[PDB]
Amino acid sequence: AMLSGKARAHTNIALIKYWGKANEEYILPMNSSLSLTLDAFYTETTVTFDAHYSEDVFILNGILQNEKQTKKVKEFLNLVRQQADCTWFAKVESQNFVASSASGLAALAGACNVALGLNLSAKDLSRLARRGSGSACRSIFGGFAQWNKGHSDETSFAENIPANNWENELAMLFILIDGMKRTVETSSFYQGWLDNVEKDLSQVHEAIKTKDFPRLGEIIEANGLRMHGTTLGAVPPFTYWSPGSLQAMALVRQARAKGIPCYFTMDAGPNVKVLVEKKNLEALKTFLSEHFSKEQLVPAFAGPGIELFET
């Protein structure tokens, strides 16, 4: 009386940001977003549903998670159980291989898909993963992927963006160093954010079609900075930046001045991710190694979409 399943999902980094929910219950976003799935960072998850379990159990990198650390896993398990009419508690065993919260919820969605025999299409697996976290719905796919905001549970999902293999020519160098809801509800800058997203997405699509890296980089770098500007108009205002974040961004601008085309983006924290061409990757690493230790520069290339495994 047990059913089990496994999946592996890779992290993705949003180039055009997901920023703000239109609907909290279904995680429908205020705007569409576009990411690059990465090869170096991923999560593997096995789920077991067993009539003999007495409670839900979540183990992460060998470590039993407490109730607060298990809250999102538990809500997702309840959602997928309600849909399957499954009445069994579960054991979730996950291992991060090194953003991670979204690789992990994507992998849980895949593992539950396998265990409960849901037979989901990639589109419908993205919709399920969306209910765990917005960024998880893009990690169902490899390379460039777009989460179409839609207007409902049925129409909000992600898809791969064919790029004639341009993603295999690109890299990302990581420099290790409620806010969303507050911003939607209170920032005087949020409309300006919304009014610029579609133009940015259109230009990314045009950049991808012509393999125009400086165009891609300029658009996504401004898109990220526009997202971070909105938090300074929230009430109370705040920033995700740390002192080291600003140093990294200035150094990326110095790199561009020294002739290395590269562009930075940040998410809901202080790490800085730098988009760079592979053919220019060692040159960037050489320039940044003059200011950071090689150990603080973690590289990554394009990665695949979700992989499912029977147990």
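Only the largest set of C-alpha atoms that superpose within 1.5 Å between the two forms is called the rigid core. We number the residues from 1 along the sequence you see.
Between 32-40 and 61-69, larger RMS Cα displacement in 7 other deposited structures of this protein after core fit: Clearly, after the core fit, the stretch farther away in 7 other deposited structures of this protein is 61-69.
Higher-deviation stretch (C-alpha RMS, rigid core fit) in 7 other deposited structures of this protein, choosing from 125-133 and 231-239: Higher average C-alpha offset in 7 other deposited structures of this protein goes to 231-239.
Missing residues, deposited sequence, between residue 98 and residue 99 (class: none, 1 to 3, 4 to 9, 10 or more): Some 4 to 9 residues are missing between them.
Residues of the deposited sequence that sit between residue 162 and residue 161 yet are not modelled: Unmodelled stretch: none, continuous chain.
Of 223-231 and 166-174, the stretch whose C-alpha atoms average the higher B-factor in the entry: Looking at the record's C-alpha B-factors, the answer is 166-174.
Stretch exceeding the other in mean C-alpha B-factor - 280-288, 61-69: For C-alpha atoms only, the mean B-factor is higher in 61-69.
Selection from 122, 180, 197, 129 [criterion: highest C-alpha temperature factor in the record]: Answer for 122, 180, 197, 129: 122, with the highest C-alpha B-factor.
Peak C-alpha temperature factor (PDB record), options 268, 250, 30, 27: Out of 268, 250, 30, 27, the record gives the largest C-alpha B-factor to 250.
Chain-wide C-alpha B factor ranking for residue 7, given as lowest, middle or highest third: Lowest third - that is where residue 7 ends up once the chain's C-alpha B-factors are sorted.
Ranked C-alpha temperature factor of residue 106 among modelled chain residues, by third: According to the entry, residue 106 has a C-alpha B-factor in the chain's lowest third.
Chain thirds of CA B-factor: placement of residue 81: For residue 81, the deposited C-alpha B-factor lands in the middle third.
Third of the chain's Cα B-factor distribution that residue 35 belongs to, per the entry: For residue 35, the deposited C-alpha B-factor lands in the lowest third.
Residue 254 CA temperature factor, ranked by third within the chain: Within its chain, residue 254 is a highest-third residue by C-alpha B-factor, going by the deposited values.
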